[PDB]
Structure formats: structure tokens, C-alpha cells
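What follows is a short report on a single structure.
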Amino acid sequence: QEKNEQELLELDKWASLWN
Amino acid sequence: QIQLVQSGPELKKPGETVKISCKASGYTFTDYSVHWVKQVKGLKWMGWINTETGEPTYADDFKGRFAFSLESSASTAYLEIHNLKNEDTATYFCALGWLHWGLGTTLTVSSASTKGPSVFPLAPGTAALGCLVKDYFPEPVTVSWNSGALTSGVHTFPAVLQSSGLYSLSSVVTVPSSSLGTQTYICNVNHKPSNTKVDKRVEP
Amino acid sequence: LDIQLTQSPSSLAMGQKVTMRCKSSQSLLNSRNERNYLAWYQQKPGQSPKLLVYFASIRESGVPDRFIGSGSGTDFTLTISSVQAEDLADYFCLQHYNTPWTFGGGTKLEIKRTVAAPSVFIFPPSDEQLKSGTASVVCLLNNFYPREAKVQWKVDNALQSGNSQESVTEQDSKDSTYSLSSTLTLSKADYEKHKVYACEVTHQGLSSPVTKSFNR
């Protein structure tokens, strides 16, 4: 739940770093 | 768990070429862009390299003399600068986007040869005295007073790069006027790159 | 169409709460994921930048919670709830919304103390350096606060420009003051064409300019 939100945040983080 | 290890300090002459490396670990190297930033006194973004395709992208002020390259199998990125100029003097960082910056590689580009400093006295309630440490290359110089015994009110200034292309700095200290006759004041200057050491007694 | 970031203040002086701001010339909000593409970094001399806060308001893991980023669109702030001695550093914002990436001008965190006037000394060139054909005159401004200061060189009362270099120390470990040297360099040939040498200091702790001088 808040775990989804934290996982999401990491996925957004790394997505922003992708080639 | 992310680390970016960069190559060591560079000392080059105008016209030469330097190659700086950035070794990445703790992540999938070919998935994330590597960026390069120049810091002289603010920060200047140089561009980025696509770690998937190998394609480099250069900021406007960094077009002709700069090359971004990779050894993907080695998880390493490279910055190559050709026809080096004095103003290329700076710290260069690679970065994993905004997430994590390398430790940086300092580059100094100069035509100057290694040279020991000349050391002059800054004579003589409170009195000020000091040592002028003039015309040396490259950095760094270190100064103490009375072999480390005197540190109160000692200010040793950051070096300036002079018009001549040589560095200069001063180290100063404030003492009572009363002690000038009786106390001994000696600045110990060390310029290791030339193995120059000087002890300069400073007198009223 | 390079995005501009204006960071303020350029410096602030603290165990209280401090605030620095970053204003973007264009929104950094990504409609797609609703994140703001702005990060805050700390950097200490000789060291590399350290990420404090990303996506405007997310603290990076392990970063002390006294650090708080907030804001959206074009307006962003970094707050340090309670300044510690380890937090004395430069701080800057970075926008990574569009290339080229751009940075704020930085904010330096120093220690606040009372106003202290500088003591002023002028140093003639030593006889030994004159032997070698160049003269360096030194003006010291010792133990002042705050850092802002103005120095002017006057030779035979003529105002000197372009021929001096200044250098300044970091905040003193003991008394939180600053010192500053200004060095006037000229040929012994130009040196020996003139007689009176003065440097004029302007500082908040001084009700009016202080001049120190000497003549050959």
C-alpha cells in the first residue's frame, strides 16, 4: 500500500535515469 | 551500493590530449546515462552519453574538442579532451544522472615548468608579519610557522594564479608589538613538487 | 530556451532554522509521473556533491531528516531544521527536466557572529624582491566579519584597477572571522616612477574608510 507507493517512487527514480 | 571511480589528477600542457575514466559498479551500466560536469567557480553541464547505444550528446559550449566514449563490457565511461586549453583547468565529474556523482578528476593545463617559490618577508598593540611565497608551479605549497609551534592568528591564504602563469600566496600572523624584539618568527615553506624547502626568518 | 535557475540567498549564517530557495524559469513538473525534476546537493571543498533530496521533496536514504525539500512547478525550497557544524558547506539546486541541465548559483552556509572590523596593514616590497625587477605590495585585512569587503589601491592618489589580486580564508576555526589579502604587482620600473602607496578599506564594522600607506 504505502509499500506500493515506495516501490513506485523507486521505479520513477530509475526510469528518470534510463537511456 | 553505487560507486563511480574516476581517474587521478592530470597535469597537461596546452595542445595535448587527456583521457579521463569513470568506472561504474553496483548497477546495470548499459541501462542508465552517464553525464559529465565541469566545475571551475560554478558548475557547467557538458553533456551525456547513452550507455546503450554509445551515442554522445554535447552541450553548446563543449562541441569540438570533447569526446564521450565507453567500454561497456568494462562498465567504464571516458571523457577525452583534445587540443587542451588553459581554461580547461577544472574538476571534471561523471555522474549517474542526478543520482550519484563521481569523486571528480582535477585537470590542470599549463605551459609552465615545475619551479620552486621565492620566499619574501612581510615585515615587520598588535603587529602583523608574514611571508610572501611567490612564483611557483605547480600547486601545492604548505606553510607553517616556527615548525608548527605558532598557529594562533596565522592565516595562510589560498594561492592565486598570477598573470605570469605562476602561483603565489601569502601567510601572515599577528603578534603583540612588544614581542617583536624578543620572539623569533620563522615561516617554513614546503613545495614538494620541486623538493624546495625554505625557512624564512621574519624580522622587524 | 535553456532553463534558468535563480538560487538565493548566496549565503546565510546560522543551531537555528535556515531556508534557501530556487526559482525556475520553466516548470519542472512532469505531468506524466507528477514528479518535479529538481535535486538538491551539498558539496564541501575538495569533495564532490552529495545528493540530499530528489524529486524536489524526497530525502535520499541516510540523509538526516533535518534536511527538508519542498515546492513544485517553478518554486522550490530547501530547509535545514537545525544547523550542525557538519552542515557548513555549499548547497545547490539542479534541474534535470530538460537538457542542458542547469544549476543554481549556490548557497554557502557559514557561522553567524557579531560584526568585527578588520585590522589593516600595508606591506612594502622587500628589498630582496626589488633585486629581481618586480614589486609586490600587500594589504592585509585581518579577522573581520561579515565577509563582504571593499579594497582600493591608490598610487600617488591615483585609483588602481586591473593590477591586483585578492585572496580570502575560510571562516576562522576559533573566532569565525575572515581575513583577506590584496596584492598589487608591478614592474620595478613602474614601481619606481611613483612615491605614495595606499590601500583603502571599506567594511560594515568601520564608520568610514580606513587607509594605510607608505612612501619609498
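Ordering of the C-alpha cells sets the chain letters (A, B, ...), residue numbers begin anew at 1 in every chain, and ligands are numbered from 1 in the order given.
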
Just need the residues of chain B within 6 Å of chain A, counting only C-alpha atoms, so spit them out as a PDB file with N, CA, C and O atoms, in the first residue's frame.
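Final output, iface04.pdb:
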```pdb
ATOM      1  N   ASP B  31      22.163   0.534 -18.857  1.00  0.00           N
ATOM      2  CA  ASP B  31      20.751   0.942 -18.787  1.00  0.00           C
ATOM      3  C   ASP B  31      20.568   2.427 -18.482  1.00  0.00           C
ATOM      4  O   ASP B  31      19.499   2.984 -18.737  1.00  0.00           O
ATOM      5  N   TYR B  32      21.600   3.059 -17.922  1.00  0.00           N
ATOM      6  CA  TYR B  32      21.472   4.427 -17.406  1.00  0.00           C
ATOM      7  C   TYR B  32      22.531   5.364 -17.967  1.00  0.00           C
ATOM      8  O   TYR B  32      23.706   5.008 -18.054  1.00  0.00           O
ATOM      9  N   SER B  33      22.109   6.567 -18.335  1.00  0.00           N
ATOM     10  CA  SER B  33      23.006   7.544 -18.928  1.00  0.00           C
ATOM     11  C   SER B  33      24.084   8.025 -17.959  1.00  0.00           C
ATOM     12  O   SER B  33      23.827   8.225 -16.770  1.00  0.00           O
ATOM     13  N   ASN B  50      24.681   8.085 -24.016  1.00  0.00           N
ATOM     14  CA  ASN B  50      23.774   6.955 -23.971  1.00  0.00           C
ATOM     15  C   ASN B  50      24.559   5.654 -23.747  1.00  0.00           C
ATOM     16  O   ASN B  50      25.321   5.230 -24.608  1.00  0.00           O
ATOM     17  N   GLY B  97      23.351  10.145 -13.977  1.00  0.00           N
ATOM     18  CA  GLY B  97      22.307  11.156 -13.991  1.00  0.00           C
ATOM     19  C   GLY B  97      22.441  12.057 -12.777  1.00  0.00           C
ATOM     20  O   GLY B  97      23.556  12.441 -12.382  1.00  0.00           O
TER      21      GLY B  97
END
```

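Counting only C-alpha atoms, every residue of chain C that comes within 9 Å of chain A is listed here: residues 33, 35, 37, 54 and 55 of chain C.
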
How about saving the chosen residues, N, CA and C atoms kept, as a PDB file, in the first residue's frame?
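Saved the output as part.pdb:
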```
ATOM      1  N   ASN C  33       4.352  11.545 -14.489  1.00  0.00           N
ATOM      2  CA  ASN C  33       4.536  10.845 -13.220  1.00  0.00           C
ATOM      3  C   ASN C  33       4.365  11.764 -12.004  1.00  0.00           C
ATOM      4  N   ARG C  35       6.244  14.047 -10.907  1.00  0.00           N
ATOM      5  CA  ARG C  35       7.444  14.367 -10.164  1.00  0.00           C
ATOM      6  C   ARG C  35       8.004  15.688 -10.666  1.00  0.00           C
ATOM      7  N   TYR C  37      11.450  17.644 -11.456  1.00  0.00           N
ATOM      8  CA  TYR C  37      12.816  17.235 -11.787  1.00  0.00           C
ATOM      9  C   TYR C  37      13.854  18.208 -11.256  1.00  0.00           C
ATOM     10  N   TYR C  54      15.788  14.430  -3.708  1.00  0.00           N
ATOM     11  CA  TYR C  54      15.483  14.346  -5.138  1.00  0.00           C
ATOM     12  C   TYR C  54      13.981  14.428  -5.375  1.00  0.00           C
ATOM     13  N   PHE C  55      13.572  14.496  -6.641  1.00  0.00           N
ATOM     14  CA  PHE C  55      12.189  14.797  -6.984  1.00  0.00           C
ATOM     15  C   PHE C  55      11.615  15.907  -6.077  1.00  0.00           C
TER      16      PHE C  55
END
```

Practice task
Could the residues of chain B within 8 Å of chain C, counting only C-alpha atoms, be given as an MDAnalysis selection string, please?
Solution key: chainID B and resid 42:45 47 59 98:104 120:123 128 155:160 170

Note to self: Applying 10 Å and only C-alpha atoms, which residues near residue 26 of chain C remain after dropping the ones on its own chain fewer than 3 positions away? List them as a PyMOL selection string.
What the structure shows: chain C and resi 1-5+23+29+73-75+97-98

I need the residues from that last selection saved to file as a compact mmCIF listing (two decimals), in the first residue's frame (with N, CA, C and O atoms), if you can.
```txt
# COMPACT_ATOMS: atom_id res chain seq x y z
N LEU C 1 16.18 28.95 -24.88
CA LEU C 1 15.21 28.15 -24.12
C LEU C 1 15.90 27.24 -23.09
O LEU C 1 15.28 26.32 -22.57
N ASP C 2 17.17 27.51 -22.82
CA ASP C 2 17.84 26.92 -21.65
C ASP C 2 17.09 27.33 -20.38
O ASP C 2 16.83 28.52 -20.15
N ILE C 3 16.77 26.36 -19.53
CA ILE C 3 16.09 26.67 -18.27
C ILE C 3 17.03 27.38 -17.30
O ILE C 3 18.16 26.94 -17.08
N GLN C 4 16.55 28.50 -16.75
CA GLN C 4 17.32 29.28 -15.79
C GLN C 4 16.87 28.98 -14.38
O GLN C 4 15.68 28.87 -14.11
N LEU C 5 17.83 28.88 -13.48
CA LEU C 5 17.55 28.67 -12.07
C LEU C 5 18.17 29.82 -11.32
O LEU C 5 19.37 30.09 -11.48
N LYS C 23 14.33 29.32 -7.89
CA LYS C 23 13.22 29.66 -8.78
C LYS C 23 13.55 29.31 -10.22
O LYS C 23 14.53 29.78 -10.78
N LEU C 29 7.74 20.31 -13.42
CA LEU C 29 6.79 19.27 -13.06
C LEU C 29 6.51 18.38 -14.25
O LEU C 29 6.07 18.85 -15.30
N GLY C 73 6.53 22.87 -9.40
CA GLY C 73 6.45 23.72 -10.58
C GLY C 73 7.71 24.54 -10.81
O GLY C 73 8.66 24.05 -11.41
N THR C 74 7.70 25.79 -10.35
CA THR C 74 8.85 26.66 -10.55
C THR C 74 9.44 27.15 -9.24
O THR C 74 10.46 27.84 -9.24
N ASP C 75 8.80 26.80 -8.13
CA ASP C 75 9.22 27.31 -6.83
C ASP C 75 9.64 26.19 -5.90
O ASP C 75 8.84 25.29 -5.61
N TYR C 97 15.06 18.46 -15.74
CA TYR C 97 13.84 18.35 -16.53
C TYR C 97 14.15 18.34 -18.04
O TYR C 97 13.65 17.48 -18.77
N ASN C 98 14.97 19.30 -18.48
CA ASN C 98 15.41 19.40 -19.88
C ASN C 98 16.92 19.53 -20.00
O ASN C 98 17.57 20.07 -19.11
```

Identify, on the basis of only C-alpha atoms, every residue whose closest approach to residue 69 of chain C does not exceed 6 Å; exclude the query and any residue fewer than 6 positions from it along the same chain; express the result as a list in words.
->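 Surrounding residues, per the criterion: residues 56, 57, 77 and 78 of chain C.
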